[PDB]
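A short worksheet on the structure shown next.
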Amino acid sequence: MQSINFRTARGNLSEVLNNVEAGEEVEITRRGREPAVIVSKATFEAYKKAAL
Amino acid sequence: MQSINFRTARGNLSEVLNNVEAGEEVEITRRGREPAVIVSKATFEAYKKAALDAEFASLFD
DNA sequence: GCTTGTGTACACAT
DNA sequence: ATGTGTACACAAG
């Protein structure tokens with residue numbers, strides 16, 4: 001799981017989304033803020049489905 | 001689950017990440033390409049754990 | 001009589 | 001040194 005800061009994610013979002021499409025889970029971090037994870041919709045939906 | 005295009009996400013990423021922190025699940029769609037979902041790490045990690053607990057005891061037979 | 005994506009980029013303010 | 005907003009461009013679909 002790659003972990004990138006906000007500035008990097010905004011300037012390289014296309015490359016972020018390409019990695020995500022390839023199955024990768026990308027963590028976006030901000031100073032003093034909780035991290036966010038960008039994941040393929042299909043993967044996300046499968047996880048939630050299995051959880052439910 | 002809100003759903004936005006790529007141009008909106010990049011131009012307003014700070015605003016998206018704020019909504020995500022508030023518990024919101026945001027779908028990002030590039031024209032004709034497969035969607036990505038931005039979700040709080042905590043939520044994501046909880047979903048994965050619950051997914052892993054589901055297929056555990058059953059395995060193997 | 002257009003639309004979205006992608007890439008650089010500057011210019012505060014924290 | 002990183003976030004956040006503002007102009008964009010320009011090019012590609």
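Labeling convention for the structure tokens: chains A, B, ... as they appear, residues from 1 per chain, ligands from 1 in order of appearance.
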
Please provide as a PyMOL selection string all residues within 9 Å of residue 39 in chain A, with the sequence filter that same-chain residues fewer than 3 positions apart are discarded (counting only C-alpha atoms (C1' of nucleotides)). (chain A and resi 17+20-21+23-27+42-44) or (chain B and resi 35-39)

Which chain A residues are at most 6 Å from chain B (counting only C-alpha atoms), as a list in words? residues 10, 35, 36, 37, 38, 39, 40, 41, 47, 48, 50 and 51 of chain A

Could you please take those selected residues and save N, CA and C atoms as a short mmCIF file (atom, residue, chain, number, x, y, z; two decimals), in the first residue's frame?
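Saved file again_30.cif follows:
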```
data_model
loop_
_atom_site.label_atom_id
_atom_site.label_comp_id
_atom_site.auth_asym_id
_atom_site.auth_seq_id
_atom_site.Cartn_x
_atom_site.Cartn_y
_atom_site.Cartn_z
N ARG A 10 -2.50 15.26 -5.62
CA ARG A 10 -3.20 16.24 -6.48
C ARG A 10 -2.44 16.51 -7.81
N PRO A 35 -5.86 9.61 7.65
CA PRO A 35 -5.60 9.24 6.26
C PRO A 35 -6.87 8.71 5.57
N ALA A 36 -6.89 8.89 4.24
CA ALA A 36 -7.94 8.39 3.33
C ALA A 36 -7.30 7.31 2.43
N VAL A 37 -8.08 6.32 1.99
CA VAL A 37 -7.59 5.26 1.12
C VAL A 37 -8.41 5.28 -0.17
N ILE A 38 -7.72 5.33 -1.34
CA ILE A 38 -8.38 5.25 -2.63
C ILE A 38 -8.23 3.83 -3.13
N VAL A 39 -9.37 3.14 -3.36
CA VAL A 39 -9.41 1.75 -3.81
C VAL A 39 -10.43 1.55 -4.94
N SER A 40 -10.20 0.57 -5.81
CA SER A 40 -11.09 0.32 -6.94
C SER A 40 -12.50 0.06 -6.44
N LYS A 41 -13.49 0.58 -7.16
CA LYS A 41 -14.87 0.44 -6.71
C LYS A 41 -15.27 -0.99 -6.53
N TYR A 47 -15.60 -5.99 -0.65
CA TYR A 47 -15.29 -6.00 0.77
C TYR A 47 -16.52 -5.75 1.62
N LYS A 48 -17.30 -4.73 1.26
CA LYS A 48 -18.52 -4.33 1.95
C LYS A 48 -19.55 -5.45 1.86
N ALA A 50 -19.01 -8.71 1.40
CA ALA A 50 -18.55 -9.80 2.25
C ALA A 50 -18.76 -9.48 3.72
N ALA A 51 -18.65 -8.19 4.08
CA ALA A 51 -18.85 -7.70 5.44
C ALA A 51 -20.32 -7.81 5.82
#
```

Contacts from chain D to chain A, 12 Å maximum, only C-alpha atoms (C1' of nucleotides): show me the residue list as a count of residues only. 4

Find the residues of chain A in contact range of chain C, meaning any atom within 10 Å when counting only C-alpha atoms (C1' of nucleotides), and list them as number ranges by chain. A: 11-15

Could the residues in this selection be saved with N, CA and C atoms as an mmCIF file, in the first residue's frame?
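result19.cif written:
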```
data_model
loop_
_atom_site.group_PDB
_atom_site.id
_atom_site.type_symbol
_atom_site.label_atom_id
_atom_site.label_comp_id
_atom_site.auth_asym_id
_atom_site.auth_seq_id
_atom_site.Cartn_x
_atom_site.Cartn_y
_atom_site.Cartn_z
ATOM 1 N N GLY A 11 -1.124 16.456 -7.753
ATOM 2 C CA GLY A 11 -0.293 16.638 -8.932
ATOM 3 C C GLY A 11 -0.073 15.375 -9.756
ATOM 4 N N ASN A 12 -0.340 14.193 -9.176
ATOM 5 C CA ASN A 12 -0.142 12.890 -9.838
ATOM 6 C C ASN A 12 -1.372 11.981 -9.716
ATOM 7 N N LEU A 13 -2.572 12.572 -9.570
ATOM 8 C CA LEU A 13 -3.838 11.834 -9.421
ATOM 9 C C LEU A 13 -4.116 10.832 -10.532
ATOM 10 N N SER A 14 -3.782 11.186 -11.796
ATOM 11 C CA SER A 14 -3.973 10.306 -12.925
ATOM 12 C C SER A 14 -3.152 9.050 -12.694
ATOM 13 N N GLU A 15 -1.872 9.196 -12.301
ATOM 14 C CA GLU A 15 -1.011 8.049 -12.001
ATOM 15 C C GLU A 15 -1.487 7.286 -10.749
#
```

Going by DSSP on the backbone, which residues of chain A come out as helix (DSSP H, G or I)? List them as an MDAnalysis selection string. chainID A and resid 6:11 13:21 41:51

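When CA of residue 33 in chain A is paired with CA of residue 52 in chain A, their separation reads 28.3 Å.
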
Top pick for closest residue to chain C, considering B:16, B:31, B:24, B:2 and counting only C-alpha atoms (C1' of nucleotides): B:31

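Relative to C1' of residue 6 in chain D, CA of residue 3 in chain A is found at 27.1 Å.
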
Based on the backbone DSSP call, show me all residues of chain A assigned strand (DSSP E or B), as a ChimeraX atom specification. /A:2-5,26-30,33-40

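The smallest atom-to-atom distance between chain C and any of B:3, B:61, B:32, B:56, using only C-alpha atoms (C1' of nucleotides), is found for B:32.
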